[PDB]
Every structure is written in structure tokens, then in C-alpha cells.
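Visitor: Before I ask anything, here is the structure I am working with.
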Amino acid sequence: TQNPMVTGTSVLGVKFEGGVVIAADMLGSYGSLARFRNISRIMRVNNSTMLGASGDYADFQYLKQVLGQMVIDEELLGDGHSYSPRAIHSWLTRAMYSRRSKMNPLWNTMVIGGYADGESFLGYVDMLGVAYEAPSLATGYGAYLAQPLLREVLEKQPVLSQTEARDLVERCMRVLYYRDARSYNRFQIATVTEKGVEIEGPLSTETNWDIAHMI
Amino acid sequence: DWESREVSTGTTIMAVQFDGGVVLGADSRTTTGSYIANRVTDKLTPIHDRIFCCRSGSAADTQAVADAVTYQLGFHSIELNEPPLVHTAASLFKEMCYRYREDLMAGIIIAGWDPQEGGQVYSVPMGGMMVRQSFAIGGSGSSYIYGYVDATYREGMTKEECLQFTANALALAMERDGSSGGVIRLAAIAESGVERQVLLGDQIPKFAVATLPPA
Amino acid sequence: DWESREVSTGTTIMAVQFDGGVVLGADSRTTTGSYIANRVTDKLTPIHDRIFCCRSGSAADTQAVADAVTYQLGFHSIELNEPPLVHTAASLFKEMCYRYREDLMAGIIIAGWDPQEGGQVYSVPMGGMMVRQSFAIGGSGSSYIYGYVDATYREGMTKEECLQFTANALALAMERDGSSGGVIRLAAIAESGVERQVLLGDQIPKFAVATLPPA
Amino acid sequence: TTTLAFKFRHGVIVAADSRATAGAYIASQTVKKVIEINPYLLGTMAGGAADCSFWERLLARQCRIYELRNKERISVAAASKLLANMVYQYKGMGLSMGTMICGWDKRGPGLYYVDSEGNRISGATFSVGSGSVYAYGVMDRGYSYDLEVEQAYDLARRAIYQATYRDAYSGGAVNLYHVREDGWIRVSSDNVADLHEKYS
Amino acid sequence: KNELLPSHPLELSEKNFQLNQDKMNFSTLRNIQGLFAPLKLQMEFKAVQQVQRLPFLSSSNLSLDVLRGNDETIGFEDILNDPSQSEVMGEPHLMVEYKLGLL
Amino acid sequence: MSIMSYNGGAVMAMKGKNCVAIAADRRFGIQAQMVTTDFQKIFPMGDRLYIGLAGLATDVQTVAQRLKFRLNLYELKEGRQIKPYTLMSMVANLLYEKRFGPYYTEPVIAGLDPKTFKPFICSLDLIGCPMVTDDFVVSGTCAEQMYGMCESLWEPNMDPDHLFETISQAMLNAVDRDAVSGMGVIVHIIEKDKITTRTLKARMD
Amino acid sequence: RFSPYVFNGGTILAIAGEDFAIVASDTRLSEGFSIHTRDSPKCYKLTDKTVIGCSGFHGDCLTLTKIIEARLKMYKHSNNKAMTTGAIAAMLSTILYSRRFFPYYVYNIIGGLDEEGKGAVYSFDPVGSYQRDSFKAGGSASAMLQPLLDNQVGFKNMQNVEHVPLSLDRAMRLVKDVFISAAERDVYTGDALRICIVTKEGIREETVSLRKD
Amino acid sequence: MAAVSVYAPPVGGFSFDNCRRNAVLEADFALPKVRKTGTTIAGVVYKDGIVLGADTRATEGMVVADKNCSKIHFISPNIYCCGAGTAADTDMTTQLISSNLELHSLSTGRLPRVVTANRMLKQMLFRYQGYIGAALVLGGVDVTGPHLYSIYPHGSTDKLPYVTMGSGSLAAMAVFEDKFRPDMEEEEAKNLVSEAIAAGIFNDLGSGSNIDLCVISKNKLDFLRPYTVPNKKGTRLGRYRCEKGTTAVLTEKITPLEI
Amino acid sequence: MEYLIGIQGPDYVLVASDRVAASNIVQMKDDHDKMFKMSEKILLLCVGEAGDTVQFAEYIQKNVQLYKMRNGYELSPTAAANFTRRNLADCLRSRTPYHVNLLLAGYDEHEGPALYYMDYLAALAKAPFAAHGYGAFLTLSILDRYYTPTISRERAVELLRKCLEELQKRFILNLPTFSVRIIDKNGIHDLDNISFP
Amino acid sequence: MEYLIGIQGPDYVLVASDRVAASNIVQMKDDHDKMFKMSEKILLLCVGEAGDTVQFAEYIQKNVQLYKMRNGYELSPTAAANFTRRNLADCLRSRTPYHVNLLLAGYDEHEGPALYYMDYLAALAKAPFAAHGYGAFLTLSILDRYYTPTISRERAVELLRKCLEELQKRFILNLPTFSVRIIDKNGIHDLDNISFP
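See the structure below:
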């Protein structure tokens, strides 16, 4: 990709005891224009892996198609093996690095959640190929706005519960909506646990504007 | 003197979906810079018997993409011995645009009717992303009618209501947008067929100007 | 990291004239690039007791111009021992903008009420031109509501009708424009005085989104 | 970086410094800038250290293949010509190679200057590097074909020491080498500080 | 000469800062007050500046500061470079003749 | 290339117990070519007061000369020896007077209080940014090396002679890793009783 | 435009000894003015006698480490023996020079025991040039770390001093001190210090906490 | 004196006749950097007054220059300012405005108003067209009550209950948005500001070191320079204490100084 | 392009310069003297950019002559060097930079011989010996090798000859003639020009 | 930078070239021969851009030798010049241009002496006399002034000496030694090198 065109705002992910939860807004902005306000920037890779992207939505759809095809083929094989979230993370890192080396990178920053063998996985894949695993992740303006709160809470309490992680993610979404021009009120909470990947419907933030009257 | 300007459609394309079909609309002005090369052009290019497309951007690129997609869709329909789906044409357009996003610019929205999913409207802006929308507007003049379509769009609109809404929004765009003008061309696609009408002169909806006496 | 960005108001300013006064309105979002530096700002700067102005463009430039014009208008009113005319403030703004059109960028529209000509609305876009308009919209988000205001504007609107029209147009702009957001600040100027209201949360008019199930 | 090479009666004297600087910061002070191609052939390192090392090692393996196939040692002129061809086929690619091919063959002592630009010239005295001007001056004032081995060693050491003294990017130690008919030998590695203490 | 072309875009503005400020004040007065105020202030400034030390000696210009409203305002101009510590002083008669317009 | 690297230079100042130390290199050269090994970068601004300037040599000399002009005038008017803080303020004003086109030098001031004999060290930025730290201040083209050496070596309440040892070791090891700095180091140890000036032996490479 | 390289920080350092080869690095992965993560050691162990540290662009570091592991497996399969430290260094130099016109933005330092049981440290540049040294520091704070290593391990500029052989405990203390100083003065270092000691018994990993930003 | 042909009297003020040097030097090859302070400054408006916060790290390039830098500047007994951006520019701007406000108060005989300082700062910054990089958080408690301003280098201001400035401003502002209450208590406001500064310190490379605080109220002015010390240097393990005779000298010049 | 050289002895300062003034590829003048007589004891070797050289040299020369006329005693070599550096820095910081390379030589009955090096940036530096131009690169090494603090006048001339022979041997540009002058306690003495036909 | 010269007589072609190979400001080699022996009767004077000169000259030389070996008779000077022009043009148009200035000289038993001028654009032109490099500007005037179609060998050498003396007098670069060769019906004869110490 060379022109980002329709872009994504930010994806925040955090791991709790029992799985991982990620969140993303439902907005694809051409420039400063909202334009598409109902797209989904989160996909279910398999029963134990989830994926959220920030950047060119066309590249996100291309990755969706490719990953879905790989999962379908592996399921067809039926040999009793499943792509672990770490394997998907490695594959995405390799693909992004190859595209970067070809001077035609995919303009998305990807957050990979998962829960396999009783181990929460939370991966980060950038445009160039920078890959790492962290207890909390945030792309775009997330790394500046939401990441502080996530890191503070985690370094305070190393392990969170599902409800605590969801509340923290909702607070981060509220902050991002308050202080990000490319953010949107409607977002999408996706959680992966032992049961599987569960993607919640469109949720809105609790706006507060008392400071407007305070002045 | 005023040459070396690639002929850009500079359209205001619109497609509204109703119960059992889709209503298409666009202006008829193509400006090479600021000179109106063509003022009665046909921006609604039929892809199949019951599938149409609206071209926005470079005239040559959109025309070539439309011709290629028409050829591919005709071959595919002959092979399958079934009426083609609107989603298939949208997917072909998306693949063509995404493959050559860095080579050609073409904002194309595809609307039509198929037996399975009925009237559908798909938008494929520059970049190669595809999403289904109840109503889709594109082109240079679409920016001036985003609020109008957002406010005046309802659910369950009838065929004639959709035609009137499209005519009003398009006329506002032509009035405000310099690159948009000419006549309003409409195409209502349904199971029975596609019936096309052209609104010119007094037929084009007229909106009262402020006309403040001091000015 | 995200600095060296001159703070631009990125407003959607609007002023509608009714019988015996003018209704003013603007959003409350100032974005330094894509970060929302201020989300509850006051974009309606009072120039005199019954004359207001709306600032669009560079925050520093508009603020300095407004301060200088306020100083000049106060001195002029003291000298003449008469309530200043809205046309006088518009002329001062036009002179300042035209003199320094190549040095500062400031799209300012001036609305107010004076005993002679009653409610007046003047627009002074970048370049230094001045023209009286029944309704004037400016800023980045004004482009997305041109058709809406053209279609939904009438002659002889009442004070409450003008307030509702301004609120609706502004809300549409904030929804569509990324640079616009926050809360709607309204200021109805009449002979009795200026009454200011702030619309937040549910008070901001809401327009139904398409919300197509497949998306 | 300064390299010194001159062919006197008893062979070829090769000297160089050992300072590698990445910009202003001195990356290393012990880099060996005399690249030993063969037991009888050796080269220098000026400019891009990686380019010189890689291409000289490639030349060394090519020379070994030549010796294995033809059952005869490759001449200095031949090795220099091969290196020139390899660096010329990559011309305009940003390679920064400056080297001197010093050896002894049937013709006698050999000294060829090869750089990434492409030109390959034989001569008596050569010096390539940032501080090559100072070594050029010292050697030219002190050079003579009818020179004893000790006198040649002293001349090379003094030239390299002056080049390091006047050049900011040159320093470390003087890697002195002497090429003879029976093969090159490593004479000494004198620290620049020790040389300054000695001469001054 | 190339000295006419400013080295910095801000240099030309800040070098004539006092002149530009006086010009802006005169323009505002003319716009609001009228012709009398700029003329009166120009005459007052001329009268005050006419009485001072010779060019080679640094003057206080106290009355000028009071009239210009700078008697209680300090900017970078007053502190950064001291006209008293000139570091460059020409011949007294030469400077006097230059001021008088002979040179 | 950076303008500071055009002429090189490296100046360091350290604080001890009732004593202060300042050191600098002695190399003057255009780009890579050396010219002299005796260039002076430390200038006396009083009995127990020195200022070391690193950067463009011409700017160093101009700043030193103008600062001496202002200092002489100030001491003549006041009739008292200047305080280190007052000297820092004077240098900051001088540098900020040329804000938009700056003097390419970063002076560091080290000296004892003329009355209280309290050690004082400070560093100035390109446009005169005061920075007073009790540990040490460095300036030059080898700022990173000097910072590392000072952090690893500096200790509180240093014995004058061993303060000299520490500062000399730091300066030598810092300049030995920089190409455009070196060719000898001059160290001034300033105490209330006396001042010791020492020239170290260093790699002339 | 598009920039294939970004600087993710990180500082590596290797010290060679008579029977040990310490390879130490920080765990700060920071791009731009933000910190990506606080747990990302820059030292990866290749064999039981070799540990490599990579600093710079993280993607290139990961790709190079994976390529090195694959090449080690290929060498083991072909020659039926584990590659030696010098062989690994030569192979890494060839690999780095392979992508000469699209250079890897990686600072590579190989530290491990040689065939004689002596610590060997090989320093690499992005292009590929390398040499054997007794100690070296790479990454963002290489300039800050190197002078103290020269002063202490090399005993440079130290007149009338005893050239005591470098012991293991002294090496660990020196490493901890230098990295503490780097965390103090370098913003790209801190969080934690991963120390990999390569001895004939194996590789020991030690983590020392550094002050956070 | 001067040497021949000096006609015009000296022109006091800024001296810009030095940029041709810069142009020539840049043309020859490829400018040195100045301390940008990598700042994180924040302030809040609580029930009784203003609480300001700042970090104490100053960074030149990407190397920490000062570990203990005072970034909360004094403007008046009731007005204080926080500086971000170019260190020298903020220092000089704050000092000049403080002196002007001191003169204004001396002439008036009453405590200065925050609006006056804000107006002077913004007017000067606009005059200089943003070339002076001074990201300032202005806070004080005048006769009209507490006031907090955020003045940008280009000359734009905004009165808000809480503001943040600097490179680490986003983390502090996120903390504020998460944990801000109207009409806070003194302890609550201090805690909130400290948490915001700590978040900026730990999440931004340019920010670090200690936390500065300044509590302004109609009753007292509480300047707390070492309010918190989150980060500290680790203990030095090995002793590199150089003994006498370690360094060899060449010349000796002992100059006694009279007492 | 233009070469300057100066060697300072115990009681003298030997200076020399080439006599080539070239425009494009042709040597317009082959006897161009680059030595400017500051006073009875001071010389100014100036090279640089076309008109800047002559203008600056004559300006400083007239200033020194004015000082002599007004005060009755000549400027000391150190004072002249400082004055020249001050003027060069002031002009270069201004809008009319002087791209001139200077080599000031003089003798003082109190301080003795003195040689001063100055680049176009006006960075004064006193050195026992110095050179300017591209030939300085080739000649400074020889000077370092063969210079002695107590070097006789004839030995200094021989070292200068060695430097000039090196220039002829290696330097691309041809500089057949060099004008050589010496400054003693008796004044400025013009020596035979060293020629390489 | 590098100077070539060629004078064609009734039954000979006199050619000469400087022996200086300079990198930056230093003459690395002072005895660099720029004449390439195409065959027993043809010479190729080649100057240009570093590696292009040697590579192109040797390529054409090996091609001519291959023609000799395969056919048993040498290429005519005209044929060699045309072949060189064709190859140079083909390489210039392609992605690896050869920036080489050529001066082909040869003698044919039928056509007689022949001198060929070629620029880096591969524009062949037969001329009675020609020169390359910046010295051509100074020397072509002398050639025009003193050239005669029926010029003797000794007079041709005298004219060459005049040209070289002018180069020493006016040309900025020093070119002390020039390699001089002549081509007669008896073959290529190497003459004494003209030197200007």
C-alpha cells in the first residue's frame, strides 16, 4: 500500500485470567470524513484466535480473505492440529516483513488475541514487521492515550479478571473517543476465552461534558 | 493552453436500496480541469442485465475497469448458467481495484438486483475496499450532500420515494459542486427490469436561494 | 512525536438571521493535527454587547484578529457615543483580513443586531472579502452541510426555528466531520440581549444511521 | 584511514593504521586493514571496510581456485585485474573500495592500486585513504629504491605515524608487512603513542 | 547590495518593531480619532527626540518612553542588547555629521 | 556534517569538596585536518572562576572576547568580583542576544564563590539555557562518552588531587574515543588556597 | 512516503573472558517517543557456546535471528556438527553483506566460547564487516559504554596499574554498573538487563532491574 | 573604540545579522540541537485554587542533559507558569513576563491578574509568529478566582479546568479524562496531578526524573520541588575509584592565590 | 588552489606563496604577488575568493597604516592578528562575508617572531608553521617530519624547498614560481624566488 | 583533464598523450601510458571516466585481435574506427554508457595515414589533426596556425613540442611528461618522450 485511504483508528487489547479481550471502533475514515460508520475491524481467525487491525481497510480485507482461506484449508485437512495464536502471529509478522521488503507494505497495525492450552496470547504486528507480545497493547493514538492507563493498572495488579479487563477497556475507549478526532462513539468488544471467540455488538460510550458548562 | 488534463468524471454518484431493488443516480458532467468536455454523459454503466455501476474518478480507468468486469461477469454467468449475483460483480470490482490501487484511481459503487438477496448496493472507493450500504454516495460532489442524505434518509422507502430522494440529493450536489452538473440520470433496478429516466431543466428539483435583497 | 502542528480551530461555524436578530452556532472541537487539544472550547467570541463573531482557521490568528477588532470597535463606539453597527465590525474584520491575507488565515463570520438594520449576518472568508448573507456557514465541516442548509432553509424563520435549524445542521456536520465535535454552542442575539445555550449528549440532535444488518 | 605501499629492491613494504571510525565516534582501534589474500599475495583496506573485506575474500577464494586448477600461483597483475572486473561490474552501486594488491610473481615485486571506480594502475609508491596525502609527502621525501630493509621499515612507520598525527580518522598502530619472494611476513605492530614517544 | 535582502523573515519585522508599533498606533488613531492625534503624537515625539545627548553618547529618552507608554514596559529589546555597551563607536564629529544629514 | 564537528572540541567541569575542576582538549583543526595542538578553550573570568567553550573555534573566541568585555565593564562599575551565578546569567544573556542566529558554542562555567568559596559548575546551551548540576557538566562533540565516564566515575566530596585524577581519567577516556577531539588535555584545579594547571599526556592520533 | 527502517532502541554489550563470555543487553523496546514493551531481551542464544545480541530495527533483528537459526540447522544437517563461534561470525558476515544494497539495520555482537574454551567476542556493522575483540558495546548507548570498558577491562590511560586478569564477578559488576549509567543517561535503555553468561557448563541467564523512564 | 566608518548609532535589540553564517555552513555540508526538555506539564483547577505539575528531565537530542530541571516558573506571588518546548525560550519568556507583571503590580499597587499575564504572553508569542517555542501552562488565583490557561507557541490560548503540555502531554491528559472531578479537594487535586505526571514520565521517553508540584490558592502558595522521586539511580556495585598517580602528567604550574 | 606556507624560527618567520593567478583553465598571471605589506614588520598572506582577497587585504592594510600615522608606532603582530580576526568575523557574520584565508607573519622586538593561522571562518591560531590551500595537505607532513624549533634560516629555506618540490611532484596544479620573503629584526627582506622550470 | 593530441602527415600520423594519472589532488602515477595497441598499424588513444577507459579500450583491442586471428589480416583503420564507433554508440544508448574520449590513429597501405576523432557520444570524424581534454582548447589554435598538409615528421614533432610548451605555460594542470608515438608504413615506432622538468 502507498495511500492509506480508508483507515482505522486504534485497537486496544489486554489479557486477563481466562483469555484476552480486544476492542476497536466501527469507523473507517477517508480523510477527516467519517464516511463508513458500520464496518467491523475485528475478525475471528479460529476458535482460539482473534484479530484486529488499524490502517487501510482494503489490506485488512485482503488479510481476512487470506487467513480465512488458510483456516478453512487446515480444517479440511482434519489432522487434529489447529493454528495456535502464536503461529498466526508469526505468519503475519513474516508476511508484513516480506511486503515491506518488497516496498509494497500493508498499511495496517495488527493486534492478535488468543487463548490456547490455558495461556493468554496478545500479539502486536506493525507495518514494517516489528513483532512483540505484551500484556496490554494499543495501536495508533491508543499507544499514547489508552496504553498509559492499561500499563498503570497492570503494573499495579499483574493479573485482571474478565470484568476488570472489560471495564478498563471501556474506560480506554471513552478516553480515546474524548481525545481522538478519528475515533467513533460506536465500538466493538471482542473477547476470546476457553469457550471460544465472542464478538459483542455495537456499543457506545458514556459521554460527559460538564466541563463545557463549567466555563 | 488548457490541455494535459486527464479527463476525470467528477461525478456525484448515488445508489439507494429499496424493498425489492435499488435506485441509481448520477449527474452528466465531465470536466477536463474546468472545461466541461461532456455535459450529457452517461455515468451509469450497465454491467449485466440487472446490475449497474456508477463511475467516479478518472474516466479512462473507470471505463477500462467496467469493461473488464463486464467481460468477466458475462463469462462467469455463461459458465454458471445462472443470473449473476450483485455480490459477485462487487467482488470482481473490488479485486480489480485492489490489484491496481497504485496504478489506477476509480471510485465505483455497484447496485443491482439478484434473486437471492434482492436489491443490493455496494461501494468500492479508491483503495479496493468493498462494503454493502443501504445508500452510498461518491464523487467530488458527494461531500456537499452527506448531511442531507444522513438527515433525510429513512428505512423502508418506496421506489418512487427513493427516486425523489436521489433526485433531490443529486440536484443539491450539482447546484453546489462545480465539477457536477448537466442532467440527472436515474435507473431504478428491480425484478421486472431497469427503467431509466433523465431529469432536465424544470424536472431537476429546484431549491430556493437566499436571495437577500442587500446582496 | 505529534508536535509542530499549529492549533487550528477546525470549526463548523453557522449564523442564521431571523426577524429581529441573528442566531449563532458552532462546535467546540479544536484539533492539533488529529489530537483534540480542546473539546469544550468557546468558538463564539463576543465583539461587543450585541455583536458576536465565529472563528474558523488558525486559532492564534483568529484570536488576535478578534482582539484587535474588539479593541477598535470599543474605541469607535466610545467615540461616537452610539451602539456600534454590525456592518462596522464586519468592515473592520474585512480590513484586517485583507491587509494580512498573505500573513494570516482566518475565516470569520460576524453576526449581531443593531438598531438601524436589525439582525445582520456577515461572512469574511480567507482573502478579505465581505458579503451579507441570510445564513452563512464556514469551517472544515461546513462542506458536509451545504446541501442540507440549502434544502432546509426557509424565509421568515422564527427564533426557535432558527435555533433548531442551526442545531440540526451543526450536529450533522459534527457527525460527518472528524475535525468537528464536542458540544453545540448557540447564541441568539436580539434587541433584548444575547441568550446562550449549550447542547450536550442527548440534547444534540441525533439522526438515525443506516445500520444495515449485513454490515 | 591511511595505507602505505611501496616496492623497493628487496620486496614490497605494506603498512596501514588500525583506526575505524563510524563518523566522529571511533568504532575500533585494532582493525587489521592489511587483508591477506594468499601466503604470497596481500591487500589493503581503505574506504568501506565491509566492501573491501568481502571483495578481497572473494578474490582470495578465486585465486585459490585458480591455483588448484592451473597448478600455478596467480600473478599479481592477474589478481588485480580480476578484482577490478568484479568491482567494475558493480559500478555505480555505492561501493567504496580502496585497496593495493601487493605480491611477488615471476615478473618480480608487484604493486597494483585498485578502487571501486574501476581504474587499475601499477606503480612504485602508492597510498590510498583519508590520510594518504600526509603519507604520500613523507614517503616521497624519504623514498629510495636502493633502500635497506630496516630503512624501509622506518620510512613506512614514520609515514604512517605522520598520517595519523595530521589526520583525525587515522590512528591506532602501524601494521607493517614486507613481501618477499618466499612470501610476506608480518614485521611489527607499533602503537602510535609509542612511535610518538620514540620520535619525539 | 545583498544587505537589503533580509537574512531572516522575522529580522525585518523585529528590526523596525518600534517604528511598526508607532505606525500601527497612528493608523488606529487616524481611523478612530482622526488626523489630529497622529500629527500631535508625531510633533511630540519630534520635540522630545530633538533634545537628547549627541549620537556618540547613549541617551535615556525618558520623555519619549513616557509618551510612547513604554516607561513601565520591558521587552527583549531593552535587555538583550544594551545601547550603552555598544562595543562599536565611531568618531564623534563623524556621527554628529551623519545625524545632521551631511553624511 | 554538524557545525560543532567542524572544529571539534570537548570541555568538562567537575565538582569536589570545597574545590572545582575544569578540563578541555587542545586540538584545533578544520574538519579532519589538524592545525595546532595548543588551542585554548578555557578562559579565566576571575581569580576562582573559569569558563570553558567548546564548538566552532571562531565563535568560541568571539564569545570569550565579548564576555571578557562585559565582565571587565561590570567589575569596573560594581567594584567587586563577579559571582559565578552572575557570570552564568551574563553568558545566557549574551547567547540569547543572538538567538535566531546563534553562537555555535556551549560554554561551561566552573569556579568558586569569591566570598563563600562554594564550588559552582554550570552548562549553557546554544542559545543560553542555564543548567546547574552539583555532579558535573560536559560539552563537546563527545558528550555521550564524557557523560558515561562521569556517571561511572564521579563520587561526592572528592579530594582535590583525586578529583583531578577522576576528571583527567574521564576526559582522557572520552577523547580517546572521539576522532575530532584530543591531542592533549589541559586540566585546571581551582581551590581557595591556589589553582593548579596540569597538562596530561594523551594519544596524538 | 514509506520508510522501511525505524529505530527501536536497545543496547547490547559483550565481554570476553578466560572461560566465560558474557552477553548482556537491555529489555527496552521503544519506537519513537513511546515504549512498545518493557520485556524484550536483545540477546538470543544460538548454540550452547554462542549468544548473539541484535539492536536496531526490530523487524530486521527478528528476521536475521530466524535466518541464523535456520542456517545453523542446515549446517548441523549437512556437516553433522554444531557450527563454531568463528564459523557463525563468518556466516553472519556473509549474510549481512548479501543484503548490502538493502542493509539490515541491526547491530550484531556475537559472544561465546571458541574451540579452545576462550571467550570470543565478534562485533559487526550493518554492512557485515567484523573482527574479534575482547569487549564491545553496541546499540544506542555504545558510545557511552565503550569508554569505561576501555578504561577498566583494557586498562587504557592507567599509568602504573596492575593488569589483573578479568574475573567473572568483576565482569558482572562492571556490566551492571555500565548499564545502570546507560539507563541514567540514555532514554532508550532501562527496565531490565538480561545477562547471558556463556561458560563450558552452559548458558546462565540473569535479570537485573533498571530504573524505568 | 571602533576603527573608522561607524555612522549609525547602535541599534539595541535582537541581532539577526548572523543567519548567512548558518546558510553558508549548511550549504558546505548538511545545525546543532538545543535542549527541548521532553516535558510533561499539567495543571488542574480544584475548589480552592490551582495545582501545577511538571517533570525534572531536560533532554538534548536523545540524551538526558539535566536530571533535575525546574520547569515551574515564577510569574508573580499568586501566578505561576509551567514551561515546555525549548528550555531557553520558555525561561526568557517567563522571566520577561514576570518582570513586566512586577512593574505592573508596582505601578498599580494591587496583585496582578492572570488574564494580564496570559494576554502579554499570547501577544508576544503572536508577535514572534511562533518562532519562540514556548508551550506554557499558566495558572494563578487572582481577585476573580482561580484561572488556568494553555498558551501555545503560535499565540493561541484556552481557559480550561485541566490542561497538559509537552511530548508526554497525552498520557497526563488521559489520566485527567479518566480521573477528573469538578471542585476537587487539595489532596485529591495533588494526587491527580502527581498521577498524570507519573504516567507521562513512565510512558514518554522525553519525560522522566522527579515530579514538581505547585499548589496555588487564595491563602497560601505551596511550591513543592521534590514532591516525588519515582526514579532513582541504582547502587554502584564495583568501585572505579582512581587513586593518586593513576594519570600521568606532562606539565606542572602551581599558581598561589592571595587571600 | 592557491598555496601559502610559513615557517617560524627562533628570530625570523619565513613565508612563501605561489605566483599563479588562474581563471578557469588558463593562468592569466604568472607573477601574482600575494604578500601584503601590513607594516615594516608585518606581512599578510591572503588567498581566497577572487575579489574578497584584495579588498580585505587592502582594507586591513590601510587600517594598519592609519594606526601607524595616528599613533606614531606600528601595531604589534598579535594586535594586528586580533584586529584582522575581529574584522573578518564581523564581516563574515554580516551580509557580506569575506571568504579569505589568511596567514599573518610578523616580528616583534619584544615578543619576537610570530606566525598566525586564520581560516575563512576567522579562527585565529598561532602555530610554529602552517600552510593554506590544497598543497597544505601534502606539505604539513613534511613540515612535521623535518621541523625543529631551533631551525636555522638556511635549513628553513631548505625545508621550504623540500615542500615545494613535493608540490611539483604530487600536486595536480602547476606552481612553477614561489615568491619567498623573510621577516627579521631588521625588517622584511625579499629572498630569491624559488622556481621549478 | 587528460590530454590527447594527433597530427597526420603525408605518410605518417604523429600522436602523443600525457602520462599523468591523478586521483583527487595527487598524481598517483606519473608514467601512465594511454596508448592502446589495436594492431601492428593502429593505435587507440583513450581517455575518459576511470574504469570506462581501460575496459572499453581492452574490449575493442581484444575484438581487433580476434578479427586478426580468425581472418589472418588486420582491420583497416577506417574499419576499426567504424567498429569502435558502433560499439560505443550501442553501449551509450544502453544502460551502461561508456564515457570515453577516443582518438584512433593508424596507417593503411592503400588509404595511407588516418586520424579519427571520437567524443563520448560516438560521433566519428576524420580530421588532419585533433586533440582531446581541456588542453585541446589551447592547442588547436596552434595546430591551425602552424599546420601544413605536407608537413615533415620533424616539423610535426616541432609543432607538437610547441603545443606541449603552450600547455605548460597556460594550462593549470602540470603535465611534465608526454608519451610520443608515430605510425609509419613500417609499423608503430616509439619516439623519445617529451619532458618538461
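Residue numbers (the working numbering), protein chains in the order written: chain A, 416 to 630; chain Y, 82 to 296; chain C, 82 to 296; chain Z, 75 to 274; chain R, 2 to 104; chain G, 43 to 247; chain S, 11 to 223; chain F, -15 to 243; chain X, 2 to 198; chain W, 2 to 198. Cβ atoms here follow ideal geometry from the backbone N, Cα and C, with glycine treated the same way.
What does C/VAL146 touch in chain F if you count any residue whose Cβ is under 9 Å from its own?
Guide: Here the premise fails: no neighbours, minimum Cβ distance about 10 Å.
Visitor: For A/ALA439, which residues in chain F fall below 9 Å Cβ to Cβ?
Guide: Those do not exist, as A/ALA439 stays about 18 Å from chain F at its closest Cβ, beyond 9 Å.
Visitor: What span of residues does the alpha helix (DSSP H) with G/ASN60 cover, start to end?
Guide: Premise fails: G/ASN60 is in no alpha helix (DSSP H) and is neither H nor E.
Visitor: In terms of DSSP beta bridges, what is X/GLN9 paired with?
Guide: Answer is X/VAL14.
Visitor: Tell me C/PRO127's beta-bridge partners as DSSP assigns them.
Guide: In the DSSP output, where bridge partners are listed per residue, C/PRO127 has C/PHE133.
Visitor: Between the alpha carbons of X/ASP31 and X/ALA22, how many angstroms are there, rounded?
Guide: If I take the Cα positions, the gap works out to 6 Å.
Visitor: Is the stretch 42 to 56 of chain W touching the stretch 179 to 194 of chain Z in the sense that three or more CB pairs, one from each, lie closer than 8 Å?
Guide: The stretch 179 to 194 of chain Z vs the stretch 42 to 56 of chain W: in contact.
Visitor: Which residues in the same chain have their Cβ closer than 6 Å to the Cβ of C/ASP195, if we skip the five residues on either side of it in sequence?
Guide: The residues are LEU166 and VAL167.
Visitor: Closer than 8 Å by C-beta to G/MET173: which residues in its own chain qualify, once you throw out the five before and the five after it? Chain order, please.
Guide: Correct list, in chain order: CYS164, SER165, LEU166, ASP167 and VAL179.
Visitor: Is it right to say S/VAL197 is buried, meaning 16 or more other beta carbons lie within 10 angstroms of its own, or is it exposed?
Guide: S/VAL197 comes out buried.
Visitor: Any beta carbon of chain G sitting closer than 8 Å to that of S/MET182?
Guide: Chain G contact via Cβ: absent.
Visitor: What residues from the stretch 211 to 236 of chain F come within 7 Å of chain S, judged by C-beta to C-beta, listed N to C?
Guide: From the stretch 211 to 236 of chain F, only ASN215, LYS216, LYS217, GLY218, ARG220, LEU221, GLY222, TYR224, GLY229, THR230, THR231 and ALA232 have a Cβ closer than 7 Å to chain S.
Visitor: State the beta-bridge partners of W/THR178 as determined by DSSP.
Guide: Paired residue(s): W/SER196.
Visitor: Please say whether C/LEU280 and C/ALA248 have beta carbons closer to each other than 8 Å?
Guide: Yes, Cβ-Cβ distance for C/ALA248 and C/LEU280 is below 8 Å.
Visitor: Going along the chain, which residues of its own chain have a beta-carbon closer than 8 Å to the beta-carbon of G/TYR189, five neighbours each way excluded?
Guide: Closer than 8 Å at the Cβ level, and outside the excluded window around G/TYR189, lie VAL180.
Visitor: Can you check DSSP and say which residues form a bridge with residue 375 of chain A?
Guide: What is shown of chain A runs 416 to 630, which leaves residue 375 of chain A out entirely.
Visitor: Would you decide whether G/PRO149 is buried or exposed? Buried here means 16 or more other CB atoms lie within 10 Å of its CB.
Guide: So G/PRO149 ends up on the buried side.
Visitor: What does the alpha-carbon distance come out to for the pair A/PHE475 and R/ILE80?
Guide: Rounded to whole angstroms, A/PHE475 to R/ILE80 spans 60 Å at the Cα level.
Visitor: Along the chain, where does the beta strand (DSSP E) that runs through X/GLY49 open and close?
Guide: It spans 43 to 49 - the beta strand (DSSP E) in which X/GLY49 sits, taken as one unbroken run.
Visitor: Can you give me the C-alpha to C-alpha distance between Z/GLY177 and S/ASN170, rounded to a whole angstrom?
Guide: C-alpha separation (whole angstroms): 43 Å.
Visitor: Counting pairs of Cβ atoms below 8 Å between the stretch 37 to 48 of chain R and the stretch 142 to 160 of chain F, do you hit three or more?
Guide: Segments in contact, no.
Visitor: Distance, Cα to Cα, Z/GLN236 vs X/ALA131?
Guide: When rounded, the distance between both Cα atoms is 15 Å.
Visitor: Nearest CA to the CA of G/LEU129: which residue from G/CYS184, G/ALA96, G/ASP220 and G/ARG90?
Guide: Minimum Cα distance to G/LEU129 is reached at G/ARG90.
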